[PDB]
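Student: After the structure tokens below, expect a handful of questions from me.
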Amino acid sequence: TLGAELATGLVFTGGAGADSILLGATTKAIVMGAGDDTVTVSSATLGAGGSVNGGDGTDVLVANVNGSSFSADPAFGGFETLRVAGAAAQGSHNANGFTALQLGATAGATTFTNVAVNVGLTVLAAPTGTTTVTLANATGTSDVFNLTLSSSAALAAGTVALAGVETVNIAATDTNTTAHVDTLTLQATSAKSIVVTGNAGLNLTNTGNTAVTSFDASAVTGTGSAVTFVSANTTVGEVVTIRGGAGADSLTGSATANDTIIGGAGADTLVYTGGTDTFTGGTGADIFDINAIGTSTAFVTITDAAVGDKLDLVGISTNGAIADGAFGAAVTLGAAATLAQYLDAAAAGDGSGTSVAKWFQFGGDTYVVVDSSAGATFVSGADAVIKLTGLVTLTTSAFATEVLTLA
Ligand SMILES: [Sr+2]
Ligand SMILES: [Sr+2]
Ligand SMILES: [Sr+2]
Ligand SMILES: [Sr+2]
Ligand SMILES: [Sr+2]
Ligand SMILES: [Sr+2]
Ligand SMILES: [Sr+2]
Ligand SMILES: [Sr+2]
Ligand SMILES: [Sr+2]
Ligand SMILES: [Sr+2]
Ligand SMILES: [Sr+2]
Ligand SMILES: [Sr+2]
Ligand SMILES: [Sr+2]
Ligand SMILES: [Sr+2]
């Protein structure tokens with residue numbers, strides 16, 4: 001490995017090993033030989049008589065230039081991977097003739113054009129400006145892209161634009177054993193499925209990705225691999241599924257969607273914003289953050305509330321705050337009582353001054369109500385109802401700053 005750029009008149013001959021050099025506008029026939037070599041160019045066009053061959057092996061050409069189109073230049077050959085990285089790396093780079101793409105530190109926004117099918121991008125260092133991946137042919141109905149984040153420490157991959165791609169696979173990969181969390185802003189307006197894998201966290205900014213109906217990070221491993229996702233789906237009556245991984249995840253649906261959110265292992269936070277949502281915390285002390293009231297027929301159902309889990313109701317205390325204390329006895333009615341009668345009994349009091357919380361059990365499930373209205377009738381859209389699937393006792397569970405911790 002030589003770190004200083006070779007003089008343009010200097011001949012370099014690599015061997016059967018993995019050699020790495022920097023070139024300018026060379027006037028000589030540079031040969032890298034066998035092995036997986038790496039060549040970093042500071043000029044897209046070599047000098048008169050100059051050429052560089054990557055030789056046998058899987059060879060990396062690093063474009064430290066503002067724009068490149070190496071498949072058009074016969075002076076370059078034998079390079080399988082194209083990396084855009086360097087203090088001058090920038091502009092639009094032709095991916096034709098390359099089977100893999102890489103991205104490092106850059107001087108400004110980078111675009112990969114003519115990206116062939118089954119060609120992935122690996123981000124190795126924080127780039128500058130938006131990275132745009134333009135597929136050679138995105139006309140298909142089922143286009144897939146494999147984006148990889150690979151780093152030893154936390155990697156801010158920046159904004160990556162994948163237009164016309166229907167499935168985005170994101171690998172958040174840690175090369176050492178110390179837990180870290182990557183960040184990424186995904187612009188993929190045609191994506192319907194996002195799948196996250198790897199052994200590192202991912203805080204994914206998802207703004208504008210309105211077609212996603214599936215976020216699957218269930219394969220992510222590592223207790224420290226925190227995954228953060230906020231759904232952007234705005235389709236009326238849409239079904240959306242959001243799965244966390246092994247990490248302490250923060251998963252948020254959308255008000256318009258019927259979100260199925262599954263936290264997986266770890267201390268997960270599942271945020272309810274509206275619709276008919278289904279929350280499964282999984283193992284671990286999970287938090288169900290209730291930020292919208294919902295309606296009497298479109299509310300959240302928590303499938304696995306257990307001792308240790310919490311129920312955050314700060315967002316739904318329309319009037320004042322829910323008083324701190326242990327939950328009293330459940331509301332109990334007659335043998336033929338309906339859910340509507342249970343709802344009215346829970347909301348029979350006056351919540352206009354300060355919202356009150358009550359609970360009951362009906363049909364084999366447990367319900368939590370927040371009454372914020374003076375009337376004796378449950379008011380849909382003003383008073384809230386939360387459903388817990390099993391019969392769970394909330395008698396010894398206490399409210400602390402509007403958070404109920406199951407005991
Ligand atoms: Sr070599
Ligand atoms: Sr080689
Ligand atoms: Sr070429
Ligand atoms: Sr080669
Ligand atoms: Sr090539
Ligand atoms: Sr497409
Ligand atoms: Sr690490
Ligand atoms: Sr929802
Ligand atoms: Sr999790
Ligand atoms: Sr969990
Ligand atoms: Sr749990
Ligand atoms: Sr909240
Ligand atoms: Sr309040
Ligand atoms: Sr009331």
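Every chain in the structure tokens takes a letter, A first, then B, and so on in the order presented; its residues are numbered from 1, and the ligands are numbered from 1 following the presented order.
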Please run DSSP on the backbone and report, as a VMD selection string, all residues within segment 198-387 of chain A that come out as alpha helix (DSSP H).
Tutor: chain A and resid 339 to 346
Student: Contacts of residue 10 of chain A at 12 Å or less, counting only C-alpha atoms, minus same-chain residues fewer than 2 places along, as a PyMOL selection string?
Tutor: chain A and resi 5-8+12-13+21-31+47+50
Student: Apply DSSP to the structure's backbone, then extract all residues of segment 136-346 of chain A labelled strand (DSSP E) and return them as an MDAnalysis selection string.
Tutor: chainID A and resid 144:151 156:161 167:174 181:187 193:198 201:205 214:216 227:230 239:243 250:252 258:262 269:272 277:280 287:290 300:302 310:312 325:326
Student: Using C-alpha atoms, can you export the residues from the last selection as an mmCIF file, in the first residue's frame?
Tutor:
data_model
loop_
_atom_site.group_PDB
_atom_site.id
_atom_site.type_symbol
_atom_site.label_atom_id
_atom_site.label_comp_id
_atom_site.auth_asym_id
_atom_site.auth_seq_id
_atom_site.Cartn_x
_atom_site.Cartn_y
_atom_site.Cartn_z
ATOM 1 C CA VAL A 144 -34.924 -4.637 -5.390
ATOM 2 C CA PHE A 145 -31.889 -2.770 -4.051
ATOM 3 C CA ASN A 146 -29.350 -3.873 -1.440
ATOM 4 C CA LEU A 147 -27.922 -0.945 0.530
ATOM 5 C CA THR A 148 -25.176 -1.742 3.050
ATOM 6 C CA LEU A 149 -23.758 0.433 5.830
ATOM 7 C CA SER A 150 -20.372 -0.903 6.974
ATOM 8 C CA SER A 151 -18.301 0.773 9.687
ATOM 9 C CA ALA A 156 -24.084 8.805 9.478
ATOM 10 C CA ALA A 157 -24.801 7.611 5.935
ATOM 11 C CA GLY A 158 -26.683 10.811 5.074
ATOM 12 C CA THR A 159 -29.485 10.926 2.502
ATOM 13 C CA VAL A 160 -29.734 8.140 -0.099
ATOM 14 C CA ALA A 161 -32.263 8.430 -2.942
ATOM 15 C CA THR A 167 -38.031 -3.212 -2.128
ATOM 16 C CA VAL A 168 -35.141 -1.648 -0.174
ATOM 17 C CA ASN A 169 -32.872 -3.959 1.823
ATOM 18 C CA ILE A 170 -30.649 -2.183 4.365
ATOM 19 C CA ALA A 171 -27.768 -3.949 6.123
ATOM 20 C CA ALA A 172 -26.406 -2.061 9.142
ATOM 21 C CA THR A 173 -23.079 -3.804 9.695
ATOM 22 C CA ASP A 174 -20.622 -3.322 12.566
ATOM 23 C CA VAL A 181 -26.289 2.905 15.882
ATOM 24 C CA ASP A 182 -26.146 4.141 12.286
ATOM 25 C CA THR A 183 -28.243 6.936 10.824
ATOM 26 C CA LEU A 184 -29.730 7.076 7.350
ATOM 27 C CA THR A 185 -32.262 9.234 5.524
ATOM 28 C CA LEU A 186 -33.969 7.000 2.960
ATOM 29 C CA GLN A 187 -35.692 8.637 -0.004
ATOM 30 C CA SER A 193 -41.087 -3.057 1.601
ATOM 31 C CA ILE A 194 -38.113 -2.038 3.728
ATOM 32 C CA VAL A 195 -36.062 -4.852 5.271
ATOM 33 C CA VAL A 196 -33.288 -4.131 7.779
ATOM 34 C CA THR A 197 -30.608 -6.690 8.674
ATOM 35 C CA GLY A 198 -27.256 -6.625 10.443
ATOM 36 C CA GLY A 201 -28.652 -0.011 15.096
ATOM 37 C CA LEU A 202 -30.389 2.133 12.501
ATOM 38 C CA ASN A 203 -32.175 5.433 13.095
ATOM 39 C CA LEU A 204 -33.933 5.652 9.729
ATOM 40 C CA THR A 205 -35.446 8.942 8.632
ATOM 41 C CA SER A 214 -43.913 -3.270 5.424
ATOM 42 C CA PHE A 215 -40.937 -2.430 7.648
ATOM 43 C CA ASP A 216 -39.117 -5.596 8.742
ATOM 44 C CA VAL A 227 -33.908 0.686 15.318
ATOM 45 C CA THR A 228 -36.037 3.830 14.927
ATOM 46 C CA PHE A 229 -38.794 4.042 12.303
ATOM 47 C CA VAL A 230 -41.716 6.419 11.725
ATOM 48 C CA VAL A 239 -52.597 -2.138 6.551
ATOM 49 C CA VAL A 240 -48.981 -1.541 7.594
ATOM 50 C CA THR A 241 -46.653 -3.913 9.460
ATOM 51 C CA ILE A 242 -43.668 -2.646 11.469
ATOM 52 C CA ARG A 243 -41.275 -5.124 13.108
ATOM 53 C CA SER A 250 -38.787 3.075 18.642
ATOM 54 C CA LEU A 251 -41.559 2.196 16.195
ATOM 55 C CA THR A 252 -44.275 4.648 15.127
ATOM 56 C CA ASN A 258 -54.082 0.035 10.731
ATOM 57 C CA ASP A 259 -50.558 -0.620 11.999
ATOM 58 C CA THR A 260 -49.376 -4.011 13.230
ATOM 59 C CA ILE A 261 -46.282 -3.171 15.302
ATOM 60 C CA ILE A 262 -44.131 -5.932 16.799
ATOM 61 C CA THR A 269 -41.425 1.771 22.438
ATOM 62 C CA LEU A 270 -44.536 1.386 20.273
ATOM 63 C CA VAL A 271 -46.259 4.687 19.495
ATOM 64 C CA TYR A 272 -49.988 4.880 18.701
ATOM 65 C CA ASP A 277 -53.510 -0.634 15.541
ATOM 66 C CA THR A 278 -52.190 -3.894 17.006
ATOM 67 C CA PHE A 279 -49.212 -3.607 19.370
ATOM 68 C CA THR A 280 -47.078 -6.565 20.437
ATOM 69 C CA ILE A 287 -43.557 1.001 26.394
ATOM 70 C CA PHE A 288 -46.837 1.622 24.588
ATOM 71 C CA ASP A 289 -46.880 5.389 23.992
ATOM 72 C CA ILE A 290 -50.468 6.527 23.417
ATOM 73 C CA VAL A 300 -55.061 0.261 19.779
ATOM 74 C CA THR A 301 -55.020 -3.331 21.044
ATOM 75 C CA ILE A 302 -51.959 -4.495 22.998
ATOM 76 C CA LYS A 310 -45.735 0.431 30.639
ATOM 77 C CA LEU A 311 -48.640 2.466 29.254
ATOM 78 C CA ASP A 312 -47.771 6.119 28.568
ATOM 79 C CA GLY A 325 -51.698 6.409 42.167
ATOM 80 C CA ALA A 326 -52.430 2.721 42.051
#
Student: Which residues sit within 12 Å of ligand 3, counting only C-alpha atoms and all ligand atoms, listed as a list in words?
Tutor: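 Sorted by chain and then by number, the residues are residues 44, 45, 46, 51, 52, 53, 54, 61, 68, 69, 70, 71, 72, 73, 74, 75, 76, 77, 78, 79, 80, 82, 94, 95, 96, 97 and 98 of chain A.
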Student: With C-alpha atoms retained, could you export that selection as a tab-separated table (two decimals), in the first residue's frame?
Tutor:
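Done, and the output landed in selection-v7.tsv:
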chain	number	residue	atom	x	y	z
A	44	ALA	CA	-10.89	10.82	-14.62
A	45	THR	CA	-8.77	11.13	-17.79
A	46	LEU	CA	-5.25	9.69	-17.72
A	51	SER	CA	-3.62	3.18	-18.75
A	52	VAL	CA	-4.46	1.22	-15.61
A	53	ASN	CA	-5.48	-2.44	-15.48
A	54	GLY	CA	-6.86	-3.95	-12.29
A	61	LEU	CA	-11.41	1.82	-8.64
A	68	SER	CA	-16.55	9.82	-14.15
A	69	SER	CA	-17.56	7.43	-16.91
A	70	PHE	CA	-14.95	4.69	-16.92
A	71	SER	CA	-16.83	2.23	-19.16
A	72	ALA	CA	-16.46	4.79	-21.96
A	73	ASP	CA	-12.66	5.00	-21.48
A	74	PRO	CA	-10.52	2.17	-22.92
A	75	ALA	CA	-7.61	3.37	-20.76
A	76	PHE	CA	-9.30	1.76	-17.70
A	77	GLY	CA	-9.94	-1.98	-17.44
A	78	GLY	CA	-10.33	-4.91	-15.08
A	79	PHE	CA	-12.14	-3.03	-12.28
A	80	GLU	CA	-15.24	-4.67	-10.81
A	82	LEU	CA	-16.55	1.51	-8.17
A	94	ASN	CA	-21.41	5.93	-14.46
A	95	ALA	CA	-21.88	2.51	-12.83
A	96	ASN	CA	-21.95	0.70	-16.19
A	97	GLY	CA	-19.55	-2.24	-16.14
A	98	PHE	CA	-19.31	-2.39	-12.33
Student: So which residues touch segment 391-397 of chain A within 6 Å, counting only C-alpha atoms, skipping near sequence neighbours fewer than 6 positions away, as a CSV table (one decimal) with N, CA and C atoms, in the first residue's frame?
Tutor:
chain,number,residue,atom,x,y,z
A,326,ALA,N,-52.1,4.1,42.5
A,326,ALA,CA,-52.4,2.7,42.1
A,326,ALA,C,-53.8,2.7,41.4
A,327,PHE,N,-54.0,1.8,40.4
A,327,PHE,CA,-55.3,1.7,39.8
A,327,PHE,C,-56.2,1.0,40.8
A,328,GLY,N,-57.4,1.6,40.9
A,328,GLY,CA,-58.4,1.0,41.9
A,328,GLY,C,-58.9,-0.3,41.3
A,329,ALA,N,-60.0,-0.7,41.9
A,329,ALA,CA,-60.6,-2.0,41.4
A,329,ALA,C,-61.2,-1.7,40.0
A,364,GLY,N,-63.4,-11.3,28.0
A,364,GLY,CA,-62.1,-12.0,28.1
A,364,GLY,C,-60.9,-11.1,27.8
A,365,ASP,N,-61.1,-9.8,27.6
A,365,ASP,CA,-60.1,-8.8,27.4
A,365,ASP,C,-60.2,-7.7,28.5
A,366,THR,N,-59.1,-6.9,28.6
A,366,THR,CA,-59.0,-5.9,29.6
A,366,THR,C,-59.0,-4.5,28.9
A,405,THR,N,-47.4,1.4,35.0
A,405,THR,CA,-46.5,0.3,35.0
A,405,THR,C,-47.2,-0.9,35.5
A,406,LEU,N,-47.3,-2.0,34.7
A,406,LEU,CA,-48.0,-3.2,35.0
A,406,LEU,C,-47.3,-3.9,36.2
A,407,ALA,N,-48.0,-4.2,37.2
A,407,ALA,CA,-47.5,-4.9,38.4
A,407,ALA,C,-48.4,-6.1,38.7
Student: Would you write out, as JSON lines, a table of all residues in chain A that have an atom no more than 9 Å from an atom of ligand 1, listing for each the closest atom pair and the distance in Å to one decimal, considering only C-alpha atoms and all ligand atoms and ordering rows by chain and rising residue number?
Tutor:
{"residue": "A:13", "atom": "CA", "partner": "ligand 1", "partner_atom_place_in_ligand_line": "1 (Sr)", "distance": 8.3}
{"residue": "A:14", "atom": "CA", "partner": "ligand 1", "partner_atom_place_in_ligand_line": "1 (Sr)", "distance": 4.7}
{"residue": "A:15", "atom": "CA", "partner": "ligand 1", "partner_atom_place_in_ligand_line": "1 (Sr)", "distance": 4.4}
{"residue": "A:16", "atom": "CA", "partner": "ligand 1", "partner_atom_place_in_ligand_line": "1 (Sr)", "distance": 4.6}
{"residue": "A:17", "atom": "CA", "partner": "ligand 1", "partner_atom_place_in_ligand_line": "1 (Sr)", "distance": 4.4}
{"residue": "A:18", "atom": "CA", "partner": "ligand 1", "partner_atom_place_in_ligand_line": "1 (Sr)", "distance": 4.8}
{"residue": "A:19", "atom": "CA", "partner": "ligand 1", "partner_atom_place_in_ligand_line": "1 (Sr)", "distance": 4.8}
{"residue": "A:20", "atom": "CA", "partner": "ligand 1", "partner_atom_place_in_ligand_line": "1 (Sr)", "distance": 8.0}
{"residue": "A:31", "atom": "CA", "partner": "ligand 1", "partner_atom_place_in_ligand_line": "1 (Sr)", "distance": 8.2}
{"residue": "A:32", "atom": "CA", "partner": "ligand 1", "partner_atom_place_in_ligand_line": "1 (Sr)", "distance": 4.6}
{"residue": "A:33", "atom": "CA", "partner": "ligand 1", "partner_atom_place_in_ligand_line": "1 (Sr)", "distance": 4.1}
{"residue": "A:34", "atom": "CA", "partner": "ligand 1", "partner_atom_place_in_ligand_line": "1 (Sr)", "distance": 4.5}
{"residue": "A:35", "atom": "CA", "partner": "ligand 1", "partner_atom_place_in_ligand_line": "1 (Sr)", "distance": 4.6}
{"residue": "A:36", "atom": "CA", "partner": "ligand 1", "partner_atom_place_in_ligand_line": "1 (Sr)", "distance": 6.2}
{"residue": "A:37", "atom": "CA", "partner": "ligand 1", "partner_atom_place_in_ligand_line": "1 (Sr)", "distance": 5.1}
{"residue": "A:38", "atom": "CA", "partner": "ligand 1", "partner_atom_place_in_ligand_line": "1 (Sr)", "distance": 8.4}
{"residue": "A:54", "atom": "CA", "partner": "ligand 1", "partner_atom_place_in_ligand_line": "1 (Sr)", "distance": 7.7}
{"residue": "A:55", "atom": "CA", "partner": "ligand 1", "partner_atom_place_in_ligand_line": "1 (Sr)", "distance": 7.4}
{"residue": "A:56", "atom": "CA", "partner": "ligand 1", "partner_atom_place_in_ligand_line": "1 (Sr)", "distance": 8.0}
{"residue": "A:57", "atom": "CA", "partner": "ligand 1", "partner_atom_place_in_ligand_line": "1 (Sr)", "distance": 8.0}
{"residue": "A:59", "atom": "CA", "partner": "ligand 1", "partner_atom_place_in_ligand_line": "1 (Sr)", "distance": 8.8}
Student: Can you spit out the residues from that selection as a PDB file, in the first residue's frame, using C-alpha atoms?
Tutor:
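selection_3.pdb written:
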ATOM      1  CA  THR A  13       3.701  -3.006 -11.327  1.00  0.00           C
ATOM      2  CA  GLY A  14       1.663  -4.813  -8.674  1.00  0.00           C
ATOM      3  CA  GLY A  15       1.983  -8.442  -7.694  1.00  0.00           C
ATOM      4  CA  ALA A  16      -0.348 -11.324  -6.816  1.00  0.00           C
ATOM      5  CA  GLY A  17      -1.384  -9.599  -3.572  1.00  0.00           C
ATOM      6  CA  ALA A  18      -3.854  -6.870  -2.674  1.00  0.00           C
ATOM      7  CA  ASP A  19      -2.005  -3.713  -3.741  1.00  0.00           C
ATOM      8  CA  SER A  20      -3.260  -0.154  -3.314  1.00  0.00           C
ATOM      9  CA  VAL A  31      -0.716  -2.893 -13.996  1.00  0.00           C
ATOM     10  CA  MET A  32      -2.149  -4.137 -10.693  1.00  0.00           C
ATOM     11  CA  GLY A  33      -1.723  -7.875 -11.189  1.00  0.00           C
ATOM     12  CA  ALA A  34      -3.659 -10.637  -9.521  1.00  0.00           C
ATOM     13  CA  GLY A  35      -5.282 -10.243  -6.120  1.00  0.00           C
ATOM     14  CA  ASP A  36      -7.890  -7.736  -4.997  1.00  0.00           C
ATOM     15  CA  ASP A  37      -6.264  -4.420  -5.815  1.00  0.00           C
ATOM     16  CA  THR A  38      -7.361  -0.833  -5.191  1.00  0.00           C
ATOM     17  CA  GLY A  54      -6.857  -3.950 -12.285  1.00  0.00           C
ATOM     18  CA  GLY A  55      -5.867  -7.407 -13.538  1.00  0.00           C
ATOM     19  CA  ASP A  56      -7.207 -10.647 -12.134  1.00  0.00           C
ATOM     20  CA  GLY A  57      -9.168 -10.461  -8.897  1.00  0.00           C
ATOM     21  CA  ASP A  59     -10.526  -4.793  -8.069  1.00  0.00           C
TER      22      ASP A  59
END
Student: Looking at only C-alpha atoms and all ligand atoms, which of A:338, A:273, A:372, A:225 is the one that sits closest to ligand 9?
Tutor: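 Closest to ligand 9, using only C-alpha atoms and all ligand atoms: A:225.
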Student: At a cut-off of 9 Å around ligand 14, and using only C-alpha atoms and all ligand atoms, what residues come up? Please write them as a list in words.
Tutor: residues 344, 345, 346, 347, 348, 349, 350, 351, 352, 355, 356, 370, 371, 372, 373, 374, 375, 376, 377, 378, 379 and 383 of chain A
